[PDB]
>>> print(open('start.cif').read())   # mmCIF, N, CA and C atoms
data_work
loop_
_atom_site.label_atom_id
_atom_site.label_comp_id
_atom_site.auth_asym_id
_atom_site.auth_seq_id
_atom_site.Cartn_x
_atom_site.Cartn_y
_atom_site.Cartn_z
N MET Z 1 -1.88 -55.82 -90.66
CA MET Z 1 -3.06 -55.58 -89.84
C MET Z 1 -3.21 -54.09 -89.66
N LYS Z 2 -4.32 -53.65 -89.10
CA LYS Z 2 -4.50 -52.23 -88.89
C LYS Z 2 -4.13 -51.84 -87.47
N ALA Z 3 -4.82 -52.40 -86.51
CA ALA Z 3 -4.56 -52.11 -85.12
C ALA Z 3 -3.82 -53.25 -84.46
N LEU Z 4 -3.80 -54.39 -85.16
CA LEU Z 4 -3.21 -55.64 -84.69
C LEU Z 4 -3.95 -56.02 -83.41
N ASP Z 5 -5.17 -56.45 -83.60
CA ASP Z 5 -6.07 -56.73 -82.50
C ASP Z 5 -5.98 -58.17 -82.06
N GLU Z 6 -5.33 -58.98 -82.84
CA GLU Z 6 -5.10 -60.35 -82.47
C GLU Z 6 -3.59 -60.61 -82.46
N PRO Z 7 -2.94 -60.41 -81.31
CA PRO Z 7 -1.49 -60.64 -81.15
C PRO Z 7 -1.01 -62.08 -81.52
N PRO Z 8 -1.68 -63.19 -81.04
CA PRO Z 8 -1.27 -64.55 -81.42
C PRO Z 8 -1.44 -64.78 -82.90
N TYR Z 9 -0.38 -65.11 -83.57
CA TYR Z 9 -0.49 -65.35 -84.96
C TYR Z 9 0.26 -66.61 -85.33
N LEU Z 10 -0.16 -67.26 -86.39
CA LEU Z 10 0.44 -68.49 -86.80
C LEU Z 10 1.35 -68.24 -87.97
N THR Z 11 2.52 -68.81 -87.93
CA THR Z 11 3.52 -68.61 -88.96
C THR Z 11 4.33 -69.92 -89.11
N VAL Z 12 5.09 -70.04 -90.19
CA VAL Z 12 5.88 -71.24 -90.46
C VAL Z 12 6.91 -71.49 -89.34
N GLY Z 13 6.97 -72.73 -88.87
CA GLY Z 13 7.88 -73.12 -87.80
C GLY Z 13 7.18 -73.17 -86.46
N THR Z 14 6.08 -72.48 -86.35
CA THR Z 14 5.34 -72.43 -85.13
C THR Z 14 4.56 -73.73 -84.93
N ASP Z 15 4.58 -74.23 -83.72
CA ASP Z 15 3.89 -75.46 -83.39
C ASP Z 15 2.48 -75.10 -82.92
N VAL Z 16 1.52 -75.82 -83.40
CA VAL Z 16 0.12 -75.56 -83.13
C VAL Z 16 -0.60 -76.88 -82.93
N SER Z 17 -1.80 -76.83 -82.47
CA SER Z 17 -2.59 -78.01 -82.33
C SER Z 17 -3.57 -78.08 -83.49
N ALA Z 18 -3.44 -79.11 -84.29
CA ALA Z 18 -4.26 -79.30 -85.45
C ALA Z 18 -5.24 -80.42 -85.21
N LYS Z 19 -6.46 -80.23 -85.65
CA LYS Z 19 -7.49 -81.22 -85.48
C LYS Z 19 -7.35 -82.31 -86.54
N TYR Z 20 -6.83 -83.43 -86.14
CA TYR Z 20 -6.59 -84.54 -87.01
C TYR Z 20 -7.60 -85.63 -86.69
N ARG Z 21 -8.53 -85.86 -87.61
CA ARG Z 21 -9.61 -86.86 -87.51
C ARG Z 21 -10.57 -86.60 -86.34
N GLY Z 22 -10.45 -85.45 -85.71
CA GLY Z 22 -11.28 -85.14 -84.59
C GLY Z 22 -10.49 -84.80 -83.35
N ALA Z 23 -9.25 -85.22 -83.31
CA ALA Z 23 -8.41 -84.99 -82.15
C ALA Z 23 -7.32 -83.99 -82.46
N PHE Z 24 -7.13 -83.03 -81.59
CA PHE Z 24 -6.10 -82.03 -81.76
C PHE Z 24 -4.74 -82.59 -81.39
N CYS Z 25 -3.88 -82.66 -82.36
CA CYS Z 25 -2.54 -83.15 -82.20
C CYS Z 25 -1.60 -81.99 -82.49
N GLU Z 26 -0.52 -81.89 -81.77
CA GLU Z 26 0.40 -80.79 -81.97
C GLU Z 26 1.34 -81.04 -83.15
N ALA Z 27 1.28 -80.13 -84.09
CA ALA Z 27 1.99 -80.19 -85.33
C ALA Z 27 2.50 -78.80 -85.65
N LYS Z 28 3.51 -78.67 -86.46
CA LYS Z 28 4.08 -77.36 -86.70
C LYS Z 28 3.93 -76.94 -88.10
N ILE Z 29 3.71 -75.67 -88.28
CA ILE Z 29 3.47 -75.11 -89.57
C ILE Z 29 4.68 -75.29 -90.46
N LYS Z 30 4.47 -76.07 -91.46
CA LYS Z 30 5.44 -76.44 -92.45
C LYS Z 30 5.42 -75.37 -93.53
N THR Z 31 4.24 -74.85 -93.81
CA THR Z 31 4.12 -73.77 -94.76
C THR Z 31 2.73 -73.15 -94.64
N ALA Z 32 2.55 -71.97 -95.18
CA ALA Z 32 1.27 -71.32 -95.14
C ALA Z 32 0.69 -71.34 -96.51
N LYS Z 33 -0.53 -71.74 -96.62
CA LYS Z 33 -1.13 -71.85 -97.90
C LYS Z 33 -2.37 -70.98 -98.00
N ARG Z 34 -2.33 -69.99 -98.85
CA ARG Z 34 -3.49 -69.20 -99.10
C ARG Z 34 -4.34 -69.93 -100.10
N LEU Z 35 -5.39 -70.46 -99.62
CA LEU Z 35 -6.32 -71.16 -100.42
C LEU Z 35 -7.41 -70.23 -100.77
N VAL Z 36 -7.77 -70.23 -101.99
CA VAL Z 36 -8.85 -69.43 -102.40
C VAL Z 36 -10.05 -70.32 -102.43
N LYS Z 37 -10.96 -70.08 -101.55
CA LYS Z 37 -12.14 -70.86 -101.56
C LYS Z 37 -13.23 -69.99 -102.14
N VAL Z 38 -13.83 -70.48 -103.15
CA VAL Z 38 -14.74 -69.74 -103.95
C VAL Z 38 -16.16 -70.13 -103.59
N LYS Z 39 -16.93 -69.16 -103.20
CA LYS Z 39 -18.31 -69.40 -102.88
C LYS Z 39 -19.10 -69.22 -104.14
N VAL Z 40 -19.73 -70.26 -104.58
CA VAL Z 40 -20.43 -70.27 -105.84
C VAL Z 40 -21.87 -70.71 -105.71
N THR Z 41 -22.71 -70.10 -106.47
CA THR Z 41 -24.09 -70.47 -106.56
C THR Z 41 -24.24 -71.43 -107.73
N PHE Z 42 -24.56 -72.69 -107.45
CA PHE Z 42 -24.77 -73.65 -108.51
C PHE Z 42 -25.98 -73.26 -109.29
N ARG Z 43 -25.79 -73.02 -110.55
CA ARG Z 43 -26.83 -72.50 -111.40
C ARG Z 43 -28.02 -73.43 -111.57
N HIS Z 44 -27.78 -74.73 -111.55
CA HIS Z 44 -28.88 -75.67 -111.75
C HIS Z 44 -29.71 -75.89 -110.48
N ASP Z 45 -29.13 -75.63 -109.31
CA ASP Z 45 -29.86 -75.94 -108.05
C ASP Z 45 -30.10 -74.69 -107.19
N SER Z 46 -29.42 -73.60 -107.54
CA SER Z 46 -29.55 -72.29 -106.87
C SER Z 46 -28.95 -72.29 -105.45
N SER Z 47 -28.30 -73.35 -105.07
CA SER Z 47 -27.69 -73.43 -103.77
C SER Z 47 -26.26 -72.89 -103.80
N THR Z 48 -25.86 -72.26 -102.72
CA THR Z 48 -24.55 -71.70 -102.61
C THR Z 48 -23.63 -72.67 -101.90
N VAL Z 49 -22.57 -73.02 -102.55
CA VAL Z 49 -21.59 -73.90 -102.00
C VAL Z 49 -20.26 -73.19 -101.98
N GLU Z 50 -19.32 -73.73 -101.29
CA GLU Z 50 -18.05 -73.11 -101.18
C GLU Z 50 -17.01 -74.17 -101.54
N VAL Z 51 -16.33 -73.97 -102.66
CA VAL Z 51 -15.40 -74.96 -103.20
C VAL Z 51 -14.02 -74.37 -103.40
N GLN Z 52 -13.03 -75.21 -103.52
CA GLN Z 52 -11.66 -74.76 -103.74
C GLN Z 52 -11.48 -74.19 -105.14
N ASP Z 53 -10.61 -73.17 -105.24
CA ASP Z 53 -10.22 -72.50 -106.51
C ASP Z 53 -9.80 -73.51 -107.56
N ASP Z 54 -9.28 -74.62 -107.08
CA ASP Z 54 -8.81 -75.73 -107.91
C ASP Z 54 -9.91 -76.31 -108.78
N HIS Z 55 -11.15 -76.22 -108.34
CA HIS Z 55 -12.25 -76.81 -109.09
C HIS Z 55 -12.87 -75.79 -110.00
N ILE Z 56 -12.44 -74.57 -109.87
CA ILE Z 56 -13.01 -73.51 -110.64
C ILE Z 56 -12.19 -73.27 -111.87
N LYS Z 57 -12.78 -73.56 -112.99
CA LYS Z 57 -12.17 -73.31 -114.25
C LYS Z 57 -12.84 -72.12 -114.88
N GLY Z 58 -12.03 -71.20 -115.32
CA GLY Z 58 -12.52 -69.97 -115.87
C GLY Z 58 -11.88 -68.81 -115.16
N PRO Z 59 -12.47 -67.62 -115.20
CA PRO Z 59 -11.94 -66.46 -114.50
C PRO Z 59 -12.52 -66.30 -113.11
N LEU Z 60 -11.68 -65.90 -112.23
CA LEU Z 60 -11.98 -65.80 -110.86
C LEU Z 60 -12.37 -64.39 -110.51
N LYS Z 61 -13.65 -64.13 -110.61
CA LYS Z 61 -14.19 -62.84 -110.29
C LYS Z 61 -15.65 -62.96 -109.93
N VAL Z 62 -16.12 -62.03 -109.17
CA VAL Z 62 -17.50 -62.00 -108.72
C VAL Z 62 -18.45 -61.80 -109.89
N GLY Z 63 -19.49 -62.61 -109.92
CA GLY Z 63 -20.51 -62.50 -110.93
C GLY Z 63 -20.23 -63.37 -112.13
N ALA Z 64 -19.07 -63.98 -112.16
CA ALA Z 64 -18.68 -64.80 -113.28
C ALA Z 64 -19.29 -66.17 -113.21
N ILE Z 65 -19.74 -66.66 -114.35
CA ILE Z 65 -20.20 -68.02 -114.47
C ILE Z 65 -18.98 -68.83 -114.72
N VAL Z 66 -18.67 -69.67 -113.82
CA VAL Z 66 -17.52 -70.48 -113.92
C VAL Z 66 -17.93 -71.90 -113.95
N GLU Z 67 -17.00 -72.73 -114.26
CA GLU Z 67 -17.29 -74.10 -114.41
C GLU Z 67 -16.57 -74.84 -113.32
N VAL Z 68 -17.34 -75.47 -112.51
CA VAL Z 68 -16.87 -76.12 -111.32
C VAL Z 68 -16.73 -77.60 -111.54
N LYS Z 69 -15.53 -78.11 -111.49
CA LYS Z 69 -15.34 -79.53 -111.53
C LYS Z 69 -15.63 -80.08 -110.17
N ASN Z 70 -16.67 -80.81 -110.06
CA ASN Z 70 -17.01 -81.38 -108.79
C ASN Z 70 -16.38 -82.70 -108.61
N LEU Z 71 -16.29 -83.16 -107.37
CA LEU Z 71 -15.69 -84.46 -107.05
C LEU Z 71 -16.51 -85.59 -107.66
N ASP Z 72 -17.74 -85.27 -108.03
CA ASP Z 72 -18.64 -86.19 -108.71
C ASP Z 72 -18.14 -86.46 -110.14
N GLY Z 73 -17.23 -85.60 -110.59
CA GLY Z 73 -16.67 -85.73 -111.91
C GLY Z 73 -17.43 -84.91 -112.91
N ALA Z 74 -18.31 -84.08 -112.42
CA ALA Z 74 -19.14 -83.28 -113.26
C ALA Z 74 -18.76 -81.83 -113.17
N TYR Z 75 -18.70 -81.17 -114.29
CA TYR Z 75 -18.52 -79.75 -114.32
C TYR Z 75 -19.87 -79.10 -114.18
N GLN Z 76 -19.98 -78.16 -113.30
CA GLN Z 76 -21.24 -77.49 -113.10
C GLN Z 76 -21.12 -75.99 -113.27
N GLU Z 77 -22.11 -75.39 -113.91
CA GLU Z 77 -22.22 -73.96 -114.08
C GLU Z 77 -22.50 -73.33 -112.73
N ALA Z 78 -21.68 -72.42 -112.31
CA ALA Z 78 -21.93 -71.73 -111.08
C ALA Z 78 -21.48 -70.30 -111.16
N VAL Z 79 -22.03 -69.48 -110.31
CA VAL Z 79 -21.71 -68.06 -110.26
C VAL Z 79 -20.87 -67.76 -109.02
N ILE Z 80 -19.72 -67.15 -109.22
CA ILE Z 80 -18.88 -66.74 -108.12
C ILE Z 80 -19.51 -65.60 -107.34
N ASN Z 81 -19.73 -65.83 -106.06
CA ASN Z 81 -20.27 -64.82 -105.16
C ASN Z 81 -19.14 -64.03 -104.57
N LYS Z 82 -18.14 -64.74 -104.07
CA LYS Z 82 -16.94 -64.16 -103.48
C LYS Z 82 -15.80 -65.14 -103.47
N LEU Z 83 -14.61 -64.59 -103.47
CA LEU Z 83 -13.39 -65.32 -103.33
C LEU Z 83 -12.98 -65.17 -101.88
N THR Z 84 -12.85 -66.25 -101.18
CA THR Z 84 -12.53 -66.19 -99.78
C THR Z 84 -11.05 -66.49 -99.54
N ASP Z 85 -10.39 -65.64 -98.77
CA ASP Z 85 -9.04 -65.92 -98.31
C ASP Z 85 -9.12 -66.99 -97.27
N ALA Z 86 -8.76 -68.15 -97.65
CA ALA Z 86 -8.74 -69.24 -96.77
C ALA Z 86 -7.31 -69.53 -96.48
N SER Z 87 -6.78 -68.76 -95.61
CA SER Z 87 -5.44 -68.93 -95.19
C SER Z 87 -5.30 -70.11 -94.25
N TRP Z 88 -4.94 -71.21 -94.83
CA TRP Z 88 -4.77 -72.43 -94.13
C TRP Z 88 -3.31 -72.63 -93.87
N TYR Z 89 -3.00 -73.19 -92.76
CA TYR Z 89 -1.63 -73.43 -92.44
C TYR Z 89 -1.35 -74.90 -92.54
N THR Z 90 -0.39 -75.22 -93.37
CA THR Z 90 0.00 -76.54 -93.61
C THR Z 90 0.93 -76.94 -92.53
N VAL Z 91 0.51 -77.87 -91.72
CA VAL Z 91 1.25 -78.30 -90.59
C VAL Z 91 1.79 -79.69 -90.80
N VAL Z 92 2.94 -79.91 -90.26
CA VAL Z 92 3.56 -81.18 -90.29
C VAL Z 92 3.43 -81.82 -88.93
N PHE Z 93 2.80 -82.95 -88.93
CA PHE Z 93 2.58 -83.72 -87.77
C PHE Z 93 3.82 -84.55 -87.49
N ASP Z 94 3.90 -85.09 -86.31
CA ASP Z 94 5.08 -85.84 -85.90
C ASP Z 94 4.99 -87.29 -86.26
N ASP Z 95 3.88 -87.68 -86.86
CA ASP Z 95 3.75 -89.03 -87.38
C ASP Z 95 4.20 -89.04 -88.83
N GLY Z 96 4.40 -87.84 -89.38
CA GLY Z 96 4.85 -87.73 -90.73
C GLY Z 96 3.79 -87.19 -91.66
N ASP Z 97 2.59 -87.00 -91.16
CA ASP Z 97 1.50 -86.47 -91.98
C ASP Z 97 1.67 -84.96 -92.11
N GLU Z 98 1.26 -84.41 -93.20
CA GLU Z 98 1.29 -82.99 -93.40
C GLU Z 98 -0.06 -82.64 -93.93
N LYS Z 99 -0.66 -81.65 -93.39
CA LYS Z 99 -1.98 -81.30 -93.81
C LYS Z 99 -2.23 -79.84 -93.53
N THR Z 100 -2.93 -79.18 -94.40
CA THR Z 100 -3.24 -77.81 -94.17
C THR Z 100 -4.63 -77.72 -93.58
N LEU Z 101 -4.73 -76.98 -92.50
CA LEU Z 101 -5.99 -76.75 -91.84
C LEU Z 101 -6.17 -75.28 -91.66
N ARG Z 102 -7.39 -74.85 -91.54
CA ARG Z 102 -7.67 -73.45 -91.35
C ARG Z 102 -7.31 -73.05 -89.93
N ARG Z 103 -6.93 -71.80 -89.77
CA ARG Z 103 -6.47 -71.27 -88.48
C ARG Z 103 -7.50 -71.34 -87.35
N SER Z 104 -8.76 -71.48 -87.69
CA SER Z 104 -9.80 -71.66 -86.69
C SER Z 104 -9.74 -73.07 -86.07
N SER Z 105 -9.10 -73.99 -86.76
CA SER Z 105 -8.98 -75.36 -86.31
C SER Z 105 -7.56 -75.61 -85.81
N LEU Z 106 -6.85 -74.53 -85.56
CA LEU Z 106 -5.49 -74.58 -85.10
C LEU Z 106 -5.36 -73.76 -83.84
N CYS Z 107 -4.86 -74.37 -82.80
CA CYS Z 107 -4.64 -73.66 -81.56
C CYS Z 107 -3.15 -73.43 -81.42
N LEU Z 108 -2.76 -72.21 -81.13
CA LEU Z 108 -1.36 -71.85 -81.03
C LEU Z 108 -0.71 -72.49 -79.81
N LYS Z 109 0.40 -73.20 -80.00
CA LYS Z 109 1.10 -73.83 -78.89
C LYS Z 109 1.85 -72.84 -78.03
N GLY Z 110 1.12 -72.26 -77.15
CA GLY Z 110 1.62 -71.42 -76.12
C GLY Z 110 0.87 -71.79 -74.89
N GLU Z 111 0.91 -73.09 -74.62
CA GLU Z 111 0.15 -73.74 -73.57
C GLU Z 111 -1.32 -73.60 -73.79
N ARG Z 112 -1.71 -74.16 -74.90
CA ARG Z 112 -3.06 -74.20 -75.42
C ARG Z 112 -3.11 -75.29 -76.46
N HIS Z 113 -3.84 -76.33 -76.18
CA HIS Z 113 -4.00 -77.43 -77.13
C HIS Z 113 -5.36 -78.09 -76.95
N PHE Z 114 -6.24 -77.37 -76.25
CA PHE Z 114 -7.58 -77.82 -75.88
C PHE Z 114 -7.53 -78.91 -74.82
N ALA Z 115 -8.20 -78.66 -73.73
CA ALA Z 115 -8.31 -79.62 -72.64
C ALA Z 115 -9.62 -80.38 -72.81
N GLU Z 116 -10.13 -80.31 -74.00
CA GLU Z 116 -11.36 -80.91 -74.38
C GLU Z 116 -11.18 -81.73 -75.62
N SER Z 117 -12.25 -82.33 -76.00
CA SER Z 117 -12.42 -82.99 -77.23
C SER Z 117 -13.90 -82.85 -77.54
N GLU Z 118 -14.29 -82.91 -78.79
CA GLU Z 118 -15.70 -82.85 -79.12
C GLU Z 118 -16.33 -84.16 -78.75
N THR Z 119 -15.49 -85.20 -78.78
CA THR Z 119 -15.82 -86.55 -78.37
C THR Z 119 -16.80 -87.18 -79.39
N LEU Z 120 -16.95 -86.49 -80.55
CA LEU Z 120 -17.86 -86.90 -81.62
C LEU Z 120 -19.28 -87.04 -81.07
N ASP Z 121 -19.59 -86.16 -80.12
CA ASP Z 121 -20.89 -86.12 -79.44
C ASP Z 121 -21.97 -85.82 -80.47
N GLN Z 122 -23.05 -86.56 -80.44
CA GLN Z 122 -24.09 -86.41 -81.43
C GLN Z 122 -25.42 -85.97 -80.82
N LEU Z 123 -25.42 -85.59 -79.56
CA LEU Z 123 -26.66 -85.14 -78.94
C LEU Z 123 -26.99 -83.66 -79.23
N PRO Z 124 -26.10 -82.68 -78.90
CA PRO Z 124 -26.36 -81.28 -79.20
C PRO Z 124 -26.22 -80.99 -80.69
N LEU Z 125 -27.32 -80.77 -81.35
CA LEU Z 125 -27.29 -80.50 -82.75
C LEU Z 125 -27.92 -79.15 -83.07
N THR Z 126 -27.41 -78.51 -84.08
CA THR Z 126 -27.92 -77.23 -84.48
C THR Z 126 -28.64 -77.36 -85.84
N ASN Z 127 -28.38 -78.45 -86.53
CA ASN Z 127 -28.99 -78.70 -87.81
C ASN Z 127 -30.06 -79.75 -87.69
N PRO Z 128 -31.29 -79.43 -88.09
CA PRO Z 128 -32.40 -80.38 -88.05
C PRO Z 128 -32.32 -81.37 -89.23
N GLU Z 129 -33.35 -82.18 -89.36
CA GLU Z 129 -33.42 -83.20 -90.39
C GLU Z 129 -33.51 -82.58 -91.78
N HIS Z 130 -32.43 -82.65 -92.52
CA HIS Z 130 -32.40 -82.06 -93.84
C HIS Z 130 -32.87 -83.07 -94.86
N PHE Z 131 -34.06 -82.89 -95.35
CA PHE Z 131 -34.64 -83.80 -96.32
C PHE Z 131 -34.86 -83.11 -97.66
N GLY Z 132 -34.47 -81.86 -97.73
CA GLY Z 132 -34.61 -81.12 -98.95
C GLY Z 132 -35.34 -79.83 -98.72
N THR Z 133 -35.46 -79.04 -99.74
CA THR Z 133 -36.14 -77.79 -99.64
C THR Z 133 -37.66 -78.00 -99.84
N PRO Z 134 -38.50 -77.13 -99.24
CA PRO Z 134 -39.96 -77.28 -99.28
C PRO Z 134 -40.52 -77.24 -100.70
N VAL Z 135 -41.39 -78.20 -100.98
CA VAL Z 135 -42.03 -78.39 -102.28
C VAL Z 135 -41.03 -78.78 -103.34
N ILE Z 136 -40.79 -80.06 -103.44
CA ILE Z 136 -39.95 -80.58 -104.48
C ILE Z 136 -40.78 -80.69 -105.75
N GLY Z 137 -40.65 -79.71 -106.59
CA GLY Z 137 -41.43 -79.67 -107.79
C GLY Z 137 -41.22 -78.39 -108.53
N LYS Z 138 -40.02 -77.90 -108.47
CA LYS Z 138 -39.64 -76.71 -109.16
C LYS Z 138 -38.23 -76.83 -109.73
N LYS Z 139 -38.19 -77.51 -110.83
CA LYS Z 139 -37.02 -77.72 -111.67
C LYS Z 139 -37.55 -77.78 -113.07
N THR Z 140 -36.80 -77.28 -114.01
CA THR Z 140 -37.25 -77.18 -115.36
C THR Z 140 -36.98 -78.44 -116.18
N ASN Z 141 -35.91 -79.14 -115.87
CA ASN Z 141 -35.58 -80.33 -116.63
C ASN Z 141 -36.18 -81.58 -115.99
N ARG Z 142 -37.14 -82.16 -116.67
CA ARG Z 142 -37.79 -83.37 -116.23
C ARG Z 142 -37.77 -84.38 -117.35
N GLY Z 143 -37.92 -85.62 -117.03
CA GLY Z 143 -37.90 -86.63 -118.04
C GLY Z 143 -38.07 -88.00 -117.46
N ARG Z 144 -39.23 -88.26 -116.92
CA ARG Z 144 -39.51 -89.59 -116.42
C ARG Z 144 -40.17 -90.37 -117.53
N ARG Z 145 -39.94 -91.67 -117.54
CA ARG Z 145 -40.53 -92.63 -118.50
C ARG Z 145 -39.98 -92.45 -119.92
N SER Z 146 -40.20 -91.26 -120.49
CA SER Z 146 -39.75 -90.89 -121.84
C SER Z 146 -40.26 -91.90 -122.90
N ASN Z 147 -41.36 -92.59 -122.55
CA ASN Z 147 -42.01 -93.66 -123.34
C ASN Z 147 -41.06 -94.86 -123.58
N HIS Z 148 -39.93 -94.89 -122.89
CA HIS Z 148 -38.97 -95.98 -123.08
C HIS Z 148 -39.30 -97.17 -122.22
N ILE Z 149 -39.88 -96.91 -121.09
CA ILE Z 149 -40.22 -97.95 -120.15
C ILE Z 149 -41.49 -97.52 -119.42
N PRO Z 150 -42.48 -98.43 -119.23
CA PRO Z 150 -43.69 -98.10 -118.48
C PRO Z 150 -43.38 -97.91 -116.98
N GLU Z 151 -42.95 -96.73 -116.65
CA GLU Z 151 -42.59 -96.36 -115.31
C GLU Z 151 -43.11 -94.95 -115.09
#
>>> encode(input="start.cif", output="C-alpha cells")
Amino acid sequence: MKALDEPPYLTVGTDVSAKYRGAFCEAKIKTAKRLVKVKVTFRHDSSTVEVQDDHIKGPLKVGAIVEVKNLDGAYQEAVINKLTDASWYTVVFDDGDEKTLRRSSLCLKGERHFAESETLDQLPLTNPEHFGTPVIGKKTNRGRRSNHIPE
C-alpha cells in the first residue's frame, strides 16, 4: 500500500463473514485467490461484460480480441477493456463449504458480521424494467424465413 489507508485487511487464517446464498456466515480465509476478471466488449452485441480470465482464450491485454467461452457453450469475439484484480478470498465455512468471495462481500471478524440482512427485499430497486436497448433493429446478421418456411 502507499499510505495504508485501510488498516483492516483480509488474509489467510482470518475469520470473516461471507455472504452465502444471501446470508453472512462466518468463515475463514482458506486461501487468497487473485482472480483476473476481464472486462470485455462483446463484438457482436457491443455490450461490455465482465468475465473470468478462465473464459478468455488468447492473450490477456487491453485492446485484444479474445475469444470468450461463455457458459452458453459459445465462444464469442470480444475486446479486452481491462484486466481487473479481483482479489477474492477463498473462505472455508464451518459446514465444510469453501468458496471464494470478493472482499466487498466479506466483513472482517473483529466484531462485525452485519446486524442486518438484505432479506431479499424486492421493493427498493435501482434498475428499471430492462427490455432491451432502444430501437431493436440494428444488427447486421439477419435471416428470417430464408424461403425455407412461410414465416
>>> closest_residue(input="start.cif", among="Z:23, Z:80, Z:86, Z:101", to="residue Z:119", atoms="all atoms listed in the file")
Z:23
>>> closest_residue(input="start.cif", among="Z:35, Z:27, Z:49, Z:149", to="residue Z:12", atoms="only C-alpha atoms")
Z:27
>>> closest_residue(input="start.cif", among="Z:26, Z:15, Z:111, Z:116", to="residue Z:95", atoms="only C-alpha atoms")
Z:26
>>> closest_residue(input="start.cif", among="Z:136, Z:51, Z:60, Z:38", to="residue Z:82", atoms="all atoms listed in the file")
Z:38
>>> resolve_selection(input="start.cif", expression="the PyMOL selection byres (((chain Z and resi 107 and name CA) around 12) and name CA)", output="number ranges by chain")
Z: 8-10, 14-19, 23-29, 89, 91, 101-106, 108-115
>>> atom_distance(input="start.cif", atom1="atom C of residue Z:147", atom2="atom CA of residue Z:135")
26.9 Å
>>> resolve_selection(input="start.cif", expression="the PyMOL selection byres (((chain Z and resi 66-74 and name CA) around 9) and name CA)", output="list in words")
residues 40, 42, 51, 53, 54, 55, 56, 57, 58, 59, 60, 64, 65, 75, 76, 77, 78, 79 and 80 of chain Z
>>> atom_distance(input="start.cif", atom1="atom CA of residue Z:62", atom2="atom N of residue Z:37")
12.6 Å
>>> select_by_dssp(input="start.cif", residues="stretch 21-80 of chain Z", states="strand (DSSP E or B)", output="PyMOL selection string")
chain Z and resi 23-42+48-52+56-57+65-69+75-80
>>> atom_distance(input="start.cif", atom1="atom CA of residue Z:46", atom2="atom N of residue Z:140")
11.3 Å
>>> resolve_selection(input="start.cif", expression="the PyMOL selection byres ((chain Z and resi 34) around 6.5)", output="VMD selection string")
chain Z and resid 32 to 33 35 to 36 85 to 88
>>> build_atoms(input="start.cif", residues="stretch 93-105 of chain Z", atoms="N, CA, C and O atoms", output="PDB file, keeping the file's coordinate frame")
ATOM      1  N   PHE Z  93       2.800 -82.950 -88.930  1.00  0.00           N
ATOM      2  CA  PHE Z  93       2.580 -83.720 -87.770  1.00  0.00           C
ATOM      3  C   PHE Z  93       3.820 -84.550 -87.490  1.00  0.00           C
ATOM      4  O   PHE Z  93       4.685 -84.730 -88.368  1.00  0.00           O
ATOM      5  N   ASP Z  94       3.900 -85.090 -86.310  1.00  0.00           N
ATOM      6  CA  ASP Z  94       5.080 -85.840 -85.900  1.00  0.00           C
ATOM      7  C   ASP Z  94       4.990 -87.290 -86.260  1.00  0.00           C
ATOM      8  O   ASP Z  94       5.898 -88.069 -85.985  1.00  0.00           O
ATOM      9  N   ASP Z  95       3.880 -87.680 -86.860  1.00  0.00           N
ATOM     10  CA  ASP Z  95       3.750 -89.030 -87.380  1.00  0.00           C
ATOM     11  C   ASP Z  95       4.200 -89.040 -88.830  1.00  0.00           C
ATOM     12  O   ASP Z  95       4.376 -90.095 -89.442  1.00  0.00           O
ATOM     13  N   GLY Z  96       4.400 -87.840 -89.380  1.00  0.00           N
ATOM     14  CA  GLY Z  96       4.850 -87.730 -90.730  1.00  0.00           C
ATOM     15  C   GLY Z  96       3.790 -87.190 -91.660  1.00  0.00           C
ATOM     16  O   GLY Z  96       4.063 -86.944 -92.839  1.00  0.00           O
ATOM     17  N   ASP Z  97       2.590 -87.000 -91.160  1.00  0.00           N
ATOM     18  CA  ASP Z  97       1.500 -86.470 -91.980  1.00  0.00           C
ATOM     19  C   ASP Z  97       1.670 -84.960 -92.110  1.00  0.00           C
ATOM     20  O   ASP Z  97       2.221 -84.323 -91.215  1.00  0.00           O
ATOM     21  N   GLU Z  98       1.260 -84.410 -93.200  1.00  0.00           N
ATOM     22  CA  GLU Z  98       1.290 -82.990 -93.400  1.00  0.00           C
ATOM     23  C   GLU Z  98      -0.060 -82.640 -93.930  1.00  0.00           C
ATOM     24  O   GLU Z  98      -0.548 -83.314 -94.856  1.00  0.00           O
ATOM     25  N   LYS Z  99      -0.660 -81.650 -93.390  1.00  0.00           N
ATOM     26  CA  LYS Z  99      -1.980 -81.300 -93.810  1.00  0.00           C
ATOM     27  C   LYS Z  99      -2.230 -79.840 -93.530  1.00  0.00           C
ATOM     28  O   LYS Z  99      -1.737 -79.314 -92.529  1.00  0.00           O
ATOM     29  N   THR Z 100      -2.930 -79.180 -94.400  1.00  0.00           N
ATOM     30  CA  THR Z 100      -3.240 -77.810 -94.170  1.00  0.00           C
ATOM     31  C   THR Z 100      -4.630 -77.720 -93.580  1.00  0.00           C
ATOM     32  O   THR Z 100      -5.550 -78.395 -94.027  1.00  0.00           O
ATOM     33  N   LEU Z 101      -4.730 -76.980 -92.500  1.00  0.00           N
ATOM     34  CA  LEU Z 101      -5.990 -76.750 -91.840  1.00  0.00           C
ATOM     35  C   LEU Z 101      -6.170 -75.280 -91.660  1.00  0.00           C
ATOM     36  O   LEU Z 101      -5.182 -74.530 -91.654  1.00  0.00           O
ATOM     37  N   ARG Z 102      -7.390 -74.850 -91.540  1.00  0.00           N
ATOM     38  CA  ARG Z 102      -7.670 -73.450 -91.350  1.00  0.00           C
ATOM     39  C   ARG Z 102      -7.310 -73.050 -89.930  1.00  0.00           C
ATOM     40  O   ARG Z 102      -7.381 -73.860 -89.010  1.00  0.00           O
ATOM     41  N   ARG Z 103      -6.930 -71.800 -89.770  1.00  0.00           N
ATOM     42  CA  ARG Z 103      -6.470 -71.270 -88.480  1.00  0.00           C
ATOM     43  C   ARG Z 103      -7.500 -71.340 -87.350  1.00  0.00           C
ATOM     44  O   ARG Z 103      -7.142 -71.267 -86.179  1.00  0.00           O
ATOM     45  N   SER Z 104      -8.760 -71.480 -87.690  1.00  0.00           N
ATOM     46  CA  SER Z 104      -9.800 -71.660 -86.690  1.00  0.00           C
ATOM     47  C   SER Z 104      -9.740 -73.070 -86.070  1.00  0.00           C
ATOM     48  O   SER Z 104     -10.258 -73.306 -84.995  1.00  0.00           O
ATOM     49  N   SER Z 105      -9.100 -73.990 -86.760  1.00  0.00           N
ATOM     50  CA  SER Z 105      -8.980 -75.360 -86.310  1.00  0.00           C
ATOM     51  C   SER Z 105      -7.560 -75.610 -85.810  1.00  0.00           C
ATOM     52  O   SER Z 105      -7.122 -76.757 -85.644  1.00  0.00           O
TER      53      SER Z 105
END
